[PDB]
Structures are given as C-alpha cells and as structure tokens.
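Engineer: Input structure: entry.tsv, which contains TSV, C-alpha atoms and all ligand atoms.
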chain	number	residue	atom	x	y	z
R	3	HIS	CA	-106.34	97.66	60.80
R	4	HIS	CA	-107.75	98.56	64.21
R	5	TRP	CA	-106.27	97.63	67.56
R	6	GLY	CA	-106.51	94.17	69.05
R	7	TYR	CA	-104.22	91.66	70.84
R	8	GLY	CA	-102.27	90.09	67.93
R	9	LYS	CA	-98.67	90.32	66.73
R	10	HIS	CA	-99.39	93.19	64.38
R	11	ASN	CA	-102.17	95.04	66.28
R	12	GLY	CA	-101.59	94.11	69.95
R	13	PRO	CA	-100.32	96.00	72.95
R	14	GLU	CA	-96.86	96.83	71.58
R	15	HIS	CA	-98.52	98.62	68.64
R	16	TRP	CA	-101.17	100.63	70.52
R	17	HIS	CA	-98.94	103.66	71.10
R	18	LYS	CA	-99.06	104.57	67.39
R	19	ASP	CA	-102.83	105.28	67.47
R	20	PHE	CA	-102.88	106.10	71.21
R	21	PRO	CA	-99.64	107.83	72.23
R	22	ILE	CA	-100.81	107.98	75.87
R	23	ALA	CA	-99.83	104.27	75.87
R	24	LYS	CA	-96.37	105.48	76.94
R	25	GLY	CA	-97.79	107.90	79.53
R	26	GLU	CA	-97.07	108.49	83.17
R	27	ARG	CA	-99.99	106.59	84.74
R	28	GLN	CA	-100.64	103.55	82.55
R	29	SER	CA	-102.30	100.30	83.63
R	30	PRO	CA	-102.00	97.49	84.45
R	31	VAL	CA	-98.94	97.23	86.71
R	32	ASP	CA	-97.15	94.64	88.75
R	33	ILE	CA	-98.14	94.93	92.40
R	34	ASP	CA	-94.96	94.44	94.43
R	35	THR	CA	-96.56	93.41	97.73
R	36	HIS	CA	-93.54	94.17	99.88
R	37	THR	CA	-93.19	97.73	98.41
R	38	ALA	CA	-96.90	98.59	98.66
R	39	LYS	CA	-97.46	100.70	101.75
R	40	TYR	CA	-100.14	99.98	104.28
R	41	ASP	CA	-102.18	103.16	104.60
R	42	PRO	CA	-104.21	103.24	107.82
R	43	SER	CA	-106.09	106.32	106.46
R	44	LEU	CA	-107.74	104.18	103.72
R	45	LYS	CA	-111.40	103.33	104.38
R	46	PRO	CA	-113.15	100.02	103.91
R	47	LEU	CA	-114.51	99.75	100.44
R	48	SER	CA	-118.29	100.24	100.24
R	49	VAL	CA	-119.77	98.04	97.50
R	50	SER	CA	-123.56	98.57	97.35
R	51	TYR	CA	-124.88	96.31	94.61
R	52	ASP	CA	-128.28	95.31	96.12
R	53	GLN	CA	-130.27	97.29	93.50
R	54	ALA	CA	-128.10	96.57	90.44
R	55	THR	CA	-130.16	96.34	87.36
R	56	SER	CA	-128.25	94.34	84.85
R	57	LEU	CA	-129.61	94.75	81.34
R	58	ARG	CA	-127.59	93.07	78.62
R	59	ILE	CA	-124.46	91.16	77.77
R	60	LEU	CA	-122.45	92.14	74.68
R	61	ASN	CA	-119.60	90.54	72.78
R	62	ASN	CA	-117.76	93.68	71.66
R	63	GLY	CA	-114.97	91.85	69.79
R	64	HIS	CA	-112.22	92.32	72.51
R	65	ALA	CA	-114.10	90.78	75.47
R	66	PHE	CA	-117.74	90.61	76.57
R	67	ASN	CA	-119.47	93.32	78.74
R	68	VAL	CA	-122.31	92.77	81.26
R	69	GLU	CA	-124.06	96.10	81.15
R	70	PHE	CA	-125.97	97.90	83.64
R	71	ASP	CA	-128.61	100.59	83.90
R	72	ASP	CA	-126.58	103.47	85.29
R	73	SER	CA	-129.39	106.08	85.01
R	74	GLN	CA	-129.92	106.06	88.84
R	75	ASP	CA	-127.82	105.47	92.00
R	76	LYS	CA	-128.48	101.68	92.00
R	77	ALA	CA	-125.09	99.91	92.10
R	78	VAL	CA	-122.40	102.11	93.57
R	79	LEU	CA	-118.85	102.03	94.83
R	80	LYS	CA	-117.64	104.48	97.45
R	81	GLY	CA	-115.25	104.66	100.37
R	82	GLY	CA	-111.91	103.00	100.11
R	83	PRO	CA	-109.62	105.56	98.45
R	84	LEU	CA	-112.51	107.31	96.72
R	85	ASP	CA	-114.07	110.70	97.24
R	86	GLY	CA	-117.75	110.70	96.34
R	87	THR	CA	-119.91	108.09	94.57
R	88	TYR	CA	-119.15	105.97	91.55
R	89	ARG	CA	-121.81	104.16	89.62
R	90	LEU	CA	-121.45	100.72	88.04
R	91	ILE	CA	-121.75	100.82	84.23
R	92	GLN	CA	-120.38	97.41	83.14
R	93	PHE	CA	-118.12	94.51	83.96
R	94	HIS	CA	-115.93	92.35	81.77
R	95	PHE	CA	-112.98	89.98	82.03
R	96	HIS	CA	-109.55	89.46	80.56
R	97	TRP	CA	-108.28	85.89	80.27
R	98	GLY	CA	-105.63	83.64	78.83
R	99	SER	CA	-105.20	80.76	76.43
R	100	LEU	CA	-103.87	78.67	79.36
R	101	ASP	CA	-104.48	78.86	83.10
R	102	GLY	CA	-100.98	80.29	83.68
R	103	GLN	CA	-101.76	83.67	82.15
R	104	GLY	CA	-104.70	85.99	81.57
R	105	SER	CA	-104.63	88.65	84.29
R	106	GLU	CA	-103.59	92.22	83.53
R	107	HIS	CA	-102.37	93.13	86.98
R	108	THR	CA	-99.80	90.78	88.46
R	109	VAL	CA	-98.87	90.21	92.13
R	110	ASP	CA	-95.14	89.78	92.71
R	111	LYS	CA	-95.05	88.86	88.99
R	112	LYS	CA	-97.71	86.13	89.44
R	113	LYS	CA	-100.23	85.99	86.61
R	114	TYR	CA	-103.73	84.76	87.39
R	115	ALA	CA	-105.92	82.86	84.92
R	116	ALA	CA	-108.21	85.86	84.45
R	117	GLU	CA	-109.19	89.23	85.86
R	118	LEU	CA	-112.63	90.76	86.36
R	119	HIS	CA	-113.08	94.55	85.96
R	120	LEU	CA	-116.16	96.20	87.45
R	121	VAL	CA	-116.15	99.65	85.90
R	122	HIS	CA	-117.70	102.64	87.72
R	123	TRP	CA	-117.92	106.35	86.86
R	124	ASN	CA	-117.82	109.31	89.21
R	125	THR	CA	-121.30	110.79	89.54
R	127	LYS	CA	-119.80	114.31	89.82
R	128	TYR	CA	-119.22	114.20	86.02
R	129	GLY	CA	-122.75	113.19	85.06
R	130	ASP	CA	-122.06	110.23	82.80
R	131	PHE	CA	-119.28	107.93	81.57
R	132	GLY	CA	-118.14	109.86	78.47
R	133	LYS	CA	-117.47	112.99	80.50
R	134	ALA	CA	-115.95	111.04	83.39
R	135	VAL	CA	-113.25	109.46	81.23
R	136	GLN	CA	-111.89	112.98	80.50
R	137	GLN	CA	-111.09	113.50	84.19
R	138	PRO	CA	-108.20	112.18	86.33
R	139	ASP	CA	-110.66	110.92	89.00
R	140	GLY	CA	-113.37	109.94	86.50
R	141	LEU	CA	-113.47	106.15	86.93
R	142	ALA	CA	-113.00	103.57	89.64
R	143	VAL	CA	-112.37	99.98	88.62
R	144	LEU	CA	-112.70	97.12	91.06
R	145	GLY	CA	-110.34	94.44	89.83
R	146	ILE	CA	-110.69	90.84	90.98
R	147	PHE	CA	-108.36	87.99	90.12
R	148	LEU	CA	-109.64	84.57	89.01
R	149	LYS	CA	-107.83	81.31	89.74
R	150	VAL	CA	-108.88	77.89	88.48
R	151	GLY	CA	-110.19	75.50	91.12
R	152	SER	CA	-113.72	75.15	92.45
R	153	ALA	CA	-116.55	76.63	90.40
R	154	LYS	CA	-118.01	80.03	91.17
R	155	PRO	CA	-121.76	79.46	91.21
R	156	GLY	CA	-122.49	83.17	90.77
R	157	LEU	CA	-120.57	83.15	87.49
R	158	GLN	CA	-122.51	80.31	85.83
R	159	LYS	CA	-125.36	82.47	84.45
R	160	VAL	CA	-122.72	84.45	82.51
R	161	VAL	CA	-120.97	81.29	81.25
R	162	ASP	CA	-124.22	79.82	80.00
R	163	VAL	CA	-125.18	82.82	77.83
R	164	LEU	CA	-121.84	82.93	76.02
R	165	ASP	CA	-122.98	80.44	73.35
R	166	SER	CA	-125.44	83.14	72.20
R	167	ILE	CA	-122.75	85.87	71.76
R	168	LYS	CA	-120.12	83.72	70.38
R	169	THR	CA	-119.20	86.39	67.91
R	170	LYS	CA	-118.43	90.10	67.78
R	171	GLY	CA	-121.44	92.38	67.89
R	172	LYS	CA	-123.84	89.82	69.31
R	173	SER	CA	-125.82	90.76	72.41
R	174	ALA	CA	-128.40	89.09	74.63
R	175	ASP	CA	-130.85	90.28	77.24
R	176	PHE	CA	-129.26	89.68	80.64
R	177	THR	CA	-131.49	90.90	83.38
R	178	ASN	CA	-131.53	90.26	87.18
R	179	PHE	CA	-127.96	89.28	87.30
R	180	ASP	CA	-126.45	89.96	90.53
R	181	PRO	CA	-122.74	90.95	90.54
R	182	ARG	CA	-122.50	90.27	94.29
R	183	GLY	CA	-122.05	86.63	93.26
R	184	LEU	CA	-118.65	87.51	91.73
R	185	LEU	CA	-117.04	89.01	94.81
R	186	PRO	CA	-114.69	87.24	97.27
R	187	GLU	CA	-115.01	87.14	101.05
R	188	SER	CA	-112.50	89.87	101.76
R	189	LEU	CA	-112.55	93.44	100.46
R	190	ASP	CA	-108.87	93.94	101.35
R	191	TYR	CA	-107.29	95.84	98.41
R	192	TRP	CA	-104.41	97.62	96.78
R	193	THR	CA	-104.98	100.97	95.09
R	194	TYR	CA	-103.08	103.24	92.71
R	195	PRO	CA	-103.81	105.87	90.02
R	196	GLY	CA	-103.86	104.47	86.47
R	197	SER	CA	-105.63	104.16	83.17
R	198	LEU	CA	-107.94	102.16	81.01
R	199	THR	CA	-106.05	98.98	80.03
R	200	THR	CA	-107.69	99.10	76.57
R	201	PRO	CA	-107.55	101.85	73.94
R	202	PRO	CA	-108.14	104.74	74.27
R	203	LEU	CA	-105.96	104.14	77.42
R	204	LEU	CA	-107.25	107.29	79.11
R	205	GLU	CA	-105.58	108.18	82.41
R	206	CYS	CA	-108.80	108.49	84.37
R	207	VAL	CA	-108.90	105.43	86.66
R	208	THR	CA	-108.50	104.87	90.39
R	209	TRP	CA	-107.66	101.18	90.47
R	210	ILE	CA	-108.87	99.09	93.44
R	211	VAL	CA	-107.46	95.56	93.12
R	212	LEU	CA	-108.71	93.00	95.61
R	213	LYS	CA	-106.14	90.79	97.30
R	214	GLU	CA	-108.35	87.69	97.46
R	215	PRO	CA	-108.98	85.95	94.13
R	216	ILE	CA	-112.20	84.16	93.32
R	217	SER	CA	-112.03	80.55	92.20
R	218	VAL	CA	-113.70	79.49	88.94
R	219	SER	CA	-113.70	76.01	87.46
R	220	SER	CA	-111.69	74.87	84.51
R	221	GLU	CA	-115.03	74.25	82.72
R	222	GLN	CA	-116.09	77.86	83.32
R	223	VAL	CA	-112.90	79.38	81.92
R	224	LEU	CA	-112.92	76.90	79.01
R	225	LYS	CA	-116.27	78.41	77.98
R	226	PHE	CA	-114.67	81.91	77.95
R	227	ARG	CA	-112.05	80.52	75.57
R	228	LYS	CA	-114.73	79.34	73.05
R	229	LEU	CA	-115.68	82.94	72.30
R	230	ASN	CA	-114.68	84.55	69.14
R	231	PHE	CA	-113.00	87.87	68.49
R	232	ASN	CA	-114.42	87.68	64.95
R	233	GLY	CA	-117.83	88.49	63.69
R	234	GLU	CA	-120.07	85.78	62.27
R	235	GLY	CA	-119.10	84.46	58.86
R	236	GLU	CA	-115.42	85.35	59.45
R	237	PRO	CA	-112.39	83.03	60.02
R	238	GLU	CA	-112.32	81.74	63.55
R	239	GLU	CA	-109.93	83.36	66.01
R	240	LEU	CA	-110.68	82.34	69.56
R	241	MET	CA	-110.95	84.70	72.20
R	242	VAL	CA	-108.00	84.33	74.31
R	243	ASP	CA	-105.07	86.35	75.64
R	244	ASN	CA	-107.06	89.60	75.65
R	245	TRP	CA	-104.81	91.11	78.35
R	246	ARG	CA	-102.38	94.02	78.32
R	247	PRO	CA	-99.07	93.25	80.08
R	248	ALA	CA	-97.82	95.17	83.12
R	249	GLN	CA	-96.63	98.72	82.34
R	250	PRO	CA	-93.99	100.83	84.06
R	251	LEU	CA	-94.97	102.10	87.50
R	252	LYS	CA	-93.09	105.39	86.99
R	253	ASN	CA	-93.79	107.95	89.66
R	254	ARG	CA	-96.54	106.06	91.52
R	255	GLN	CA	-97.15	104.48	94.87
R	256	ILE	CA	-99.38	101.47	95.42
R	257	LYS	CA	-101.17	101.60	98.76
R	258	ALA	CA	-102.55	98.65	100.73
R	259	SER	CA	-105.73	98.73	102.83
R	260	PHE	CA	-104.41	95.88	105.03
R	261	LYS	CA	-101.33	94.96	107.11
R	301	LIG	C1	-112.51	97.00	74.92
R	301	LIG	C2	-113.53	97.99	75.52
R	301	LIG	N1	-113.06	98.52	76.81
R	301	LIG	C3	-113.93	98.87	77.76
R	301	LIG	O1	-115.17	98.73	77.58
R	301	LIG	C4	-113.40	99.44	79.04
R	301	LIG	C5	-113.98	100.59	79.54
R	301	LIG	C6	-113.52	101.13	80.73
R	301	LIG	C7	-112.46	100.54	81.42
R	301	LIG	CL1	-111.91	101.25	82.90
R	301	LIG	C8	-111.84	99.36	80.95
R	301	LIG	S1	-110.59	98.51	81.84
R	301	LIG	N2	-110.15	97.25	81.00
R	301	LIG	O2	-109.52	99.45	82.03
R	301	LIG	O3	-111.31	98.10	83.02
R	301	LIG	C9	-112.33	98.85	79.72
R	301	LIG	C10	-113.83	99.06	74.49
R	301	LIG	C11	-115.02	99.04	73.73
R	301	LIG	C12	-115.30	100.01	72.78
R	301	LIG	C13	-114.40	101.06	72.55
R	301	LIG	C14	-113.21	101.09	73.29
R	301	LIG	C15	-112.94	100.09	74.25
R	301	LIG	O4	-111.76	100.13	74.96
R	302	LIG	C1	-125.17	78.04	89.30
R	302	LIG	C2	-126.09	79.28	89.37
R	302	LIG	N1	-126.25	79.57	90.77
R	302	LIG	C3	-126.39	80.84	91.22
R	302	LIG	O1	-126.40	81.85	90.47
R	302	LIG	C4	-126.50	80.97	92.68
R	302	LIG	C5	-127.55	80.36	93.39
R	302	LIG	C6	-127.62	80.50	94.78
R	302	LIG	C7	-126.63	81.23	95.44
R	302	LIG	CL1	-126.67	81.40	97.13
R	302	LIG	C8	-125.58	81.81	94.73
R	302	LIG	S1	-124.36	82.70	95.44
R	302	LIG	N2	-124.35	82.06	96.88
R	302	LIG	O2	-123.16	82.46	94.71
R	302	LIG	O3	-124.67	84.10	95.44
R	302	LIG	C9	-125.51	81.68	93.34
R	302	LIG	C10	-127.41	79.11	88.64
R	302	LIG	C11	-128.60	78.97	89.38
R	302	LIG	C12	-129.82	78.79	88.75
R	302	LIG	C13	-129.91	78.71	87.36
R	302	LIG	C14	-128.78	78.82	86.59
R	302	LIG	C15	-127.54	79.02	87.24
R	302	LIG	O4	-126.42	79.12	86.45
R	303	ZN	ZN	-110.63	95.52	81.68
Kindly return the structure encoded in the file as structure tokens.

Structural biologist:
Amino acid sequence: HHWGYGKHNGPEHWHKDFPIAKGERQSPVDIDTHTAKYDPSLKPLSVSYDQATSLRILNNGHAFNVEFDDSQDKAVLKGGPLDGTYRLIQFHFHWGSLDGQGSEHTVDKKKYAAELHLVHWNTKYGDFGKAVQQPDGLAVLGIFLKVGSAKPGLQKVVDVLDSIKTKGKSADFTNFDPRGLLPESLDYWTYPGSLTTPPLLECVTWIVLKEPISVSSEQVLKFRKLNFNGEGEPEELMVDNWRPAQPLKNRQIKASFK
C-alpha cells in the first residue's frame, strides 16, 4: 500500500509515511501574481542545454522520466536566483484527466493542463542523492502546458509512450533535445520549496516560467493513455498525477519581471 494519487493513497495520505508533507516549505503553491514581488536583483536564467545527452525514457509508475547523462557539465542551469551550477538529471510531467486540471503550481488559482519539471542538482554536492539532503540541493524549472497548437519538440516523447505504456518499462531515448520544450520568454517566479512527490524533501529552488508552452489535444491525449499499473495488471490510466497547492507559510515568491 505505497503512495500514489488515489482516494486511499493520494496526496491527503502522504503525511503518514512522509510527515514533512505538512512542513514549512512544501510544493507546489499557488502563485498570487499581484503579491509576488519584482526583484530587480534577480539575474536572467541561464539555460545551457546544447550538449544535453538524453539517454532513456522510463515509466516509473507515477509519471514518465526522460533521463539524462549527468556525469559531466553538459546540460546546466545557472543564474536566475541560483548560486553555482545545477546539472540536468531528468524531466517529467504532471497532467490531468481533462484539460482544466493537471498542473501542480497554479497562477491566481488557474490550473493548466499539465506541468513540465526539468530537475537539476547542485554540483557542489556531487550527485543527486546527496543534493536532496540539502536546502539548496535542487533547482526545478517548471513550465506550464496549455492545450492549443502542437509543440513539435514534444512529439518525439509522445511517440515513444506506446512502448512504456506500463510501469517499469523503459526505452532508449537518445539525442533528444530539451530546448524544444522551452517557451520564448525565460521570465519566471521563484520561491524555496520541496519535491512535489514523496519523499517531499525540502531541497528545491523552484523557478516557474510565466509563459506556458502550447501542446495539442492529441499530444496530451497520448499522455492520458499511459498506465500507472504494470503489465498484466488491471488498467488504471495515468491521469491526475498532480499534488494540489500547499500552504505558502512563511515564504515570499519573487518575480524576475515587472
Ligand atoms: C515520482 C518520482 N519523482 C521524481 O522522480 C522527482 C524527483 C525530483 C523532483 Cl524535484 C521531482 S518534482 N515533481 O518535485 O519535480 C520529482 C519518484 C520516483 C522514485 C522514487 C521517488 C519518487 O518521488
Ligand atoms: C515533430 C518532431 N519535430 C521536431 O522534433 C522538430 C523539428 C525541427 C525543429 Cl526546428 C523543431 S523545434 N523548432 O521545435 O526545435 C522540432 C519530429 C521530427 C522528426 C521526426 C519525428 C518527430 O516527432
Ligand atoms: Zn514533478
């Protein structure tokens, strides 16, 4: 009876196995755009993905991860609110059963159809497992998805999903370029938070882009054909794998833009 997103194992239950669920810097949050403060000291975000070496895509039973070789400084995030260099380890999404929900962060209570998380670890801690034990261990670049025109840079991901329909399936996924998932603008909001999935560790500097990307209804429909279950188990679609907004508590959200 492990954690998941259902009535009996979903977000309202997680605190029993992971008491930090009720902690002081939990994610996601609602981004109140009028309360967020413009911070002219914030730097432009530096996203240097030219040498990203994607390796594999995995259905882990909660979402799917596009994994990267993080054994060298090849795909790194710096600048913005960050001190030092953070290396890309994986990306994944959270999405809904319907276009009106799916994002984890919200903007003035608006829910997007999905949310992309590009997960990076601080190179001062040497790898991911050590980084997650530190309050400045991770930086996640969060990007909202709305349904409209297709995102051509997403299609290579969509087309491999048939091969990882079920939990524990992986496929080689090389030469994928995550630059094709970004939006024009790197304007962002930032705040200190946590993993949005168990173990919910309070180790993340969140960097949420203001500009969503557009994906087509056909693209998100293919996300919703995935399975939480492993092969030869009763079908439970892959949908609504999002944690709701958590209390902001004693935090300030800062904006990079006026
Ligand atoms: C579900 C999946 N989670 C991640 O891989 C994950 C890692 C880092 C971050 Cl920062 C995030 S997030 N959503 O905050 O961006 C999610 C998972 C797999 C295996 C064990 C535990 C576990 O949580
Ligand atoms: C639709 C997809 N297209 C691209 O990945 C793609 C091709 C050219 C370009 Cl320029 C881009 S872009 N501008 O989004 O970075 C993206 C695709 C291209 C070739 C084979 C399979 C595919 O799914
Ligand atoms: Zn996530």

Engineer: Counting only C-alpha atoms and all ligand atoms, which residues of chain R sit at most 6 Å from some atom of ligand LIG 302 (chain R), and what is each one's closest atom pair with its distance in Å to one decimal, listed by chain and rising residue number, as JSON lines?

Structural biologist:
{"residue": "R:155", "atom": "CA", "partner": "R:LIG302", "partner_atom": "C1", "distance": 4.2}
{"residue": "R:156", "atom": "CA", "partner": "R:LIG302", "partner_atom": "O2", "distance": 4.1}
{"residue": "R:158", "atom": "CA", "partner": "R:LIG302", "partner_atom": "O4", "distance": 4.1}
{"residue": "R:159", "atom": "CA", "partner": "R:LIG302", "partner_atom": "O4", "distance": 4.0}
{"residue": "R:183", "atom": "CA", "partner": "R:LIG302", "partner_atom": "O3", "distance": 4.2}

Engineer: Give me, as CSV, each residue of chain R that comes within 6 Å of ligand LIG 301 (chain R), together with its shortest interatomic pair and the distance in Å at one decimal, counting all atoms listed in the file, with rows ordered by chain and rising residue number.

Structural biologist:
residue,atom,partner,partner_atom,distance
R:64,CA,R:LIG301,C1,5.3
R:119,CA,R:LIG301,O3,4.9
R:121,CA,R:LIG301,CL1,5.4
R:143,CA,R:LIG301,CL1,5.9
R:198,CA,R:LIG301,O2,3.3
R:199,CA,R:LIG301,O2,4.0
R:200,CA,R:LIG301,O4,4.5
R:201,CA,R:LIG301,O4,4.7
R:202,CA,R:LIG301,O4,5.9

Engineer: May I have the protein, DNA and RNA residues with an atom at most 9 Å from (-106.7, 98.8, 67.9), counting only C-alpha atoms in the file's coordinates, returned as a ChimeraX atom specification?

Structural biologist: /R:3-7,11-13,15-16,19-20,200-202

Engineer: Go ahead and write the selection's residues with C-alpha atoms as an mmCIF file, keeping the file's coordinate frame.

Structural biologist:
data_model
loop_
_atom_site.group_PDB
_atom_site.id
_atom_site.type_symbol
_atom_site.label_atom_id
_atom_site.label_comp_id
_atom_site.auth_asym_id
_atom_site.auth_seq_id
_atom_site.Cartn_x
_atom_site.Cartn_y
_atom_site.Cartn_z
ATOM 1 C CA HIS R 3 -106.340 97.660 60.800
ATOM 2 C CA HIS R 4 -107.750 98.560 64.210
ATOM 3 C CA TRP R 5 -106.270 97.630 67.560
ATOM 4 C CA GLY R 6 -106.510 94.170 69.050
ATOM 5 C CA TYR R 7 -104.220 91.660 70.840
ATOM 6 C CA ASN R 11 -102.170 95.040 66.280
ATOM 7 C CA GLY R 12 -101.590 94.110 69.950
ATOM 8 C CA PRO R 13 -100.320 96.000 72.950
ATOM 9 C CA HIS R 15 -98.520 98.620 68.640
ATOM 10 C CA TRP R 16 -101.170 100.630 70.520
ATOM 11 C CA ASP R 19 -102.830 105.280 67.470
ATOM 12 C CA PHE R 20 -102.880 106.100 71.210
ATOM 13 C CA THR R 200 -107.690 99.100 76.570
ATOM 14 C CA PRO R 201 -107.550 101.850 73.940
ATOM 15 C CA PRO R 202 -108.140 104.740 74.270
#

Engineer: R:120, R:229, R:163, R:248: which is nearest residue R:210, counting all atoms listed in the file?

Structural biologist: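 Ranking R:120, R:229, R:163, R:248 by distance to residue R:210, first place goes to R:120.
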
Engineer: Given the choices R:34, R:214, R:14, R:75, which gets closest to residue R:148 if the distance is worked out from only C-alpha atoms?

Structural biologist: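 When distances to residue R:148 are compared using only C-alpha atoms, the smallest one comes from R:214.
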
Engineer: Smallest atom-to-atom distance to ligand ZN 303 (chain R): which of R:144, R:174, R:153, R:47, using only C-alpha atoms and all ligand atoms?

Structural biologist: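 When distances to ligand ZN 303 (chain R) are compared using only C-alpha atoms and all ligand atoms, the smallest one comes from R:144.
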
Engineer: I need the residue nearest residue R:177 from this list: R:87, R:69, R:42, R:82. Use all atoms listed in the file for the distance.

Structural biologist: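 Closest to residue R:177 of all the choices is R:69.
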
Engineer: Residues at most 9 Å from residue R:61, counting only C-alpha atoms, excluding those fewer than 4 positions away in the same chain, as number ranges by chain?

Structural biologist: R: 65-67, 164, 167-173, 229-231

Engineer: Suppose you want the space between atom CA of residue R:219 and atom CA of residue R:102; what is it in Å?

Structural biologist: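 Pair atom CA of residue R:219 / atom CA of residue R:102 returns 13.9 Å.
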
Engineer: Write out as a VMD selection string each polymer residue whose atoms come within 9 Å of residue R:220, counting only C-alpha atoms; drop sequence neighbours fewer than 6 positions from it.

Structural biologist: chain R and resid 101 150 to 153

Engineer: Which polymer residues, protein or nucleic acid, are no farther than 12 Å from (-117.3, 114.3, 86.1), counting only C-alpha atoms, as a PyMOL selection string?

Structural biologist: chain R and resi 86-89+122-125+127-141+206

Engineer: For residue R:112, find every residue with an atom within 12 Å (counting only C-alpha atoms), except residues of its own chain fewer than 6 positions away, and show them as a ChimeraX atom specification.

Structural biologist: /R:31-35,101-106,147,149,247-248

Engineer: Can I get a file of stretch 161-179 of chain R from the given structure, N, CA and C atoms kept, as a short mmCIF file (atom, residue, chain, number, x, y, z; two decimals), in the first residue's frame?

Structural biologist:
data_model
loop_
_atom_site.label_atom_id
_atom_site.label_comp_id
_atom_site.auth_asym_id
_atom_site.auth_seq_id
_atom_site.Cartn_x
_atom_site.Cartn_y
_atom_site.Cartn_z
N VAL R 161 6.06 11.94 -27.17
CA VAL R 161 4.71 11.41 -27.35
C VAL R 161 4.76 10.09 -28.10
N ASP R 162 5.58 10.03 -29.14
CA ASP R 162 5.58 8.82 -29.96
C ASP R 162 6.23 7.59 -29.34
N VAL R 163 7.02 7.75 -28.28
CA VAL R 163 7.66 6.61 -27.62
C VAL R 163 6.78 6.06 -26.50
N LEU R 164 5.73 6.80 -26.13
CA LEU R 164 4.94 6.40 -24.97
C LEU R 164 4.25 5.05 -25.12
N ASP R 165 3.89 4.69 -26.35
CA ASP R 165 3.29 3.37 -26.62
C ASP R 165 4.18 2.22 -26.13
N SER R 166 5.49 2.44 -26.12
CA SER R 166 6.47 1.43 -25.73
C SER R 166 6.73 1.37 -24.22
N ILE R 167 6.19 2.32 -23.45
CA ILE R 167 6.35 2.31 -21.97
C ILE R 167 5.02 2.49 -21.28
N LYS R 168 4.05 1.84 -21.90
CA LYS R 168 2.71 2.07 -21.55
C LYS R 168 2.62 1.83 -20.07
N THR R 169 3.36 0.83 -19.60
CA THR R 169 3.19 0.37 -18.24
C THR R 169 4.42 0.54 -17.34
N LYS R 170 4.14 0.57 -16.04
CA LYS R 170 5.13 0.78 -15.01
C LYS R 170 6.33 -0.13 -15.15
N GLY R 171 7.51 0.47 -15.13
CA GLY R 171 8.75 -0.28 -15.15
C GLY R 171 9.31 -0.47 -16.54
N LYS R 172 8.56 -0.11 -17.57
CA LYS R 172 9.07 -0.15 -18.92
C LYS R 172 9.95 1.06 -19.25
N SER R 173 11.05 0.81 -19.94
CA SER R 173 11.92 1.87 -20.40
C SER R 173 12.26 1.68 -21.87
N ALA R 174 12.69 2.76 -22.51
CA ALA R 174 13.18 2.69 -23.88
C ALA R 174 14.38 3.60 -24.09
N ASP R 175 15.30 3.20 -24.95
CA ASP R 175 16.39 4.08 -25.30
C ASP R 175 15.80 5.38 -25.84
N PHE R 176 16.41 6.50 -25.49
CA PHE R 176 15.85 7.79 -25.89
C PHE R 176 16.98 8.80 -25.97
N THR R 177 17.74 8.67 -27.04
CA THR R 177 18.97 9.38 -27.20
C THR R 177 18.76 10.60 -28.15
N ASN R 178 19.62 11.61 -28.03
CA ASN R 178 19.64 12.77 -28.92
C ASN R 178 18.39 13.61 -28.84
N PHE R 179 17.69 13.49 -27.73
CA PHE R 179 16.56 14.34 -27.56
C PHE R 179 17.01 15.60 -26.95
#
